[PDB]
Structure formats: C-alpha cells, structure tokens
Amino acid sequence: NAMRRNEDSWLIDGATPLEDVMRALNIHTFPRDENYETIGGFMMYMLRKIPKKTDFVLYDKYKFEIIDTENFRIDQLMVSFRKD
C-alpha cells in the first residue's frame, strides 16, 4: 500500500481476546459462539483467504488491518475508524 494517512489508531496483538477488543471499541454486536477466541482468529474467519500483511476487515465503525503474521496467525493488527 502507499503511505497511509496518519489518523487515530491502535496497534493490537492478534492474540487479544475477541471480547476484550469489542468491549474497548464499544462494539455491542459481534459473534458470541466463541469459535474464535481472539481478535486475529475472528479476522482470519472474516478474511476467509490466507492472511497477509495489509489485508483488512471492515467491521462495525472500524477497519482492522493485518500488520504482520507469524507462526500462521495474525501477530499484530491496527484498528482505525473506517472511511467508507
């Protein structure tokens, strides 16, 4: 991708519990089945395809972007407000 506009964002560990992230972002509508315990797990589901850096999921008010993968998981992601 080209250099991104600097807007408010958070850098988050892919292993952060899903519920913890939803709570902190004030998301009240999300999967409650617990099949994907972590934020990166849920992102991988939503992507369907094999994850790679720069891939992103639009969910609620937000864009969740993979910063890096390691050990076949989303290691770090960035969250910002979505712009669509």
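For every residue, the number given is its place in the sequence shown, counted from 1.
- In the PDB entry, residue 42 places in the middle third of its chain by CA B-factor.
- In this PDB entry, residue 76 carries a Cα temperature factor that places it within the middle third of its chain's modelled residues.
- For residue 59, the recorded CA B-factor ranks within the lowest third of the chain. Only modelled residues enter the ranking.
- In the deposited entry, the Cα temperature factor of residue 26 places it in the lowest third of its chain's modelled residues.
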